[PDB]
Every structure is written in C-alpha cells, then in structure tokens.
Amino acid sequence: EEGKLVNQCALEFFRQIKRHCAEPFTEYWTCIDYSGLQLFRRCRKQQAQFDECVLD
Amino acid sequence: XXXXXXXXXXXXXXXXXXXXXXXXXXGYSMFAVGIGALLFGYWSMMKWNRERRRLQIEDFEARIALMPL
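This entry, as listed in the PDB, derives from cryo-EM and reports a resolution of 4.27 Å.

Participant: Which residues make up the state of the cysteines, and what values go with them?
Facilitator: All names here are of chain A. Shown here is the disulfide that connects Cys 21 with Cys 53, its sulfur atoms set 2.0 Å apart. On the sign convention where negative is left-handed, the bridge of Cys 21 and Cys 53, at about -70° about the S-S bond, is left-handed. One end of the pair, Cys 21, is in the loop between helix 1 (2-19) and helix 2 (23-34); the other, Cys 53, is in the segment after helix 3 (44-47), with 32 residues separating them in the sequence. Each sulfur in the disulfide pair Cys 31 and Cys 43 lies 2.0 Å from the other. Separated by 12 residues along the polypeptide, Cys 31 in helix 2 and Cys 43 in the loop between helix 2 and helix 3 bring together distant segments of the chain. Taken in sequence order, the bonded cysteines of chain A link in the pattern 1-4, 2-3.

Participant: Explain the packing of aromatic side chains to me, and be specific about the residues and the numbers.
Facilitator: Residue and element names in this part refer to chain A. Taken together, a centroid distance of 6.1 Å and an interplanar angle of 40° make the contact between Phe 25 and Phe 50 tilted. Here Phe 25, found in helix 2, pairs with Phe 50, found in the segment after helix 3; they are 25 residues apart in sequence, far enough to count as distant. Centroid distance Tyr 28 to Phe 50: 5.6 Å. Interplanar angle 20°. Geometry classified as stacked. With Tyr 28 in helix 2 and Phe 50 in the segment after helix 3, this residue pair connects regions lying 22 residues apart in the sequence. An aromatic cluster is built from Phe 25, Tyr 28 and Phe 50, whose rings are joined through pairwise contacts.

What counts and how
- Residues numbered from 1 in each chain as written, not as in the entry; some residues may be left out.
- Chains lettered and ligands numbered in written order.
- Part of a larger assembly, values for the part shown.
- Heavy atoms only, no water.
- Residues with missing side-chain atoms left out of burial classes, pairs and counts.
- Disulfide = S-S within 2.5 Å.
- Helix = DSSP H or I, 4+ residues; strand = E, 2+ residues; numbered from the N terminus.
- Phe/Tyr/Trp six-rings, centres within 6.5 Å; stacked < 30°, edge-to-face > 60°.

As structure tokens, then:
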C-alpha cells in the first residue's frame, strides 16, 4: 500500500522537469548514455547547464 | 730514381688512450632525482584517489536514492 504511493510520486517528479527546463535535462541525458558507466566523469561540464535552470 | 713506400706517422694515432669516463650520473645526485620522483609520484597519485572519493560516495548515493528500483 505504501509502495503504491512510491510509483505515483515517481511520476510527479519527472513531470515537473518535463514542464520547466527540459533543454538542460535532455542534453544531460545524452551525455550519460554516450559514455559507458562513468556517471559523473567527463560530463561535469554539461552538468553546469543543469541545476542552474532548476535553481530558479 | 728509386720510388718505394714512404713513411708517414703525423699524429701517431695516440697509443692507448682512455675513452671510458663518468658521464651524466655522479652518485648522490641520482638518488635525489630517483627518490625525488617517488615522493612526487605518491603525492600526485593520492590526490586523484581523494578526487575518486568524491565520485565514490556519489555513485553509492544513487542506489540509496532509488527505492522504486
């Protein structure tokens, strides 16, 4: 019953990013998948474009 | 006139001269560069491992953050 609320709140998180500041999110998503599993290495320069739009 | 093989010595080619001599390395000076490269080696390497720790904790944080997984 508590797990039902987890998946419902998961959709609430992703919808907020898709509505406001979608351009830095899509560019960050292309950076992470182009490389193997560095996750944060060689992608920190593109991470600067992210969070800054979200800070508003 | 008689023509035969003529004698010539000029420089005498130098009879037995030493060519082997100490070059570049002296002794004590090589240890200053040798052990000096080691001390520079560890200090440069361990700073990268401290920068790896910044990535390490952040990597394991992704597992804790993901509960719908």
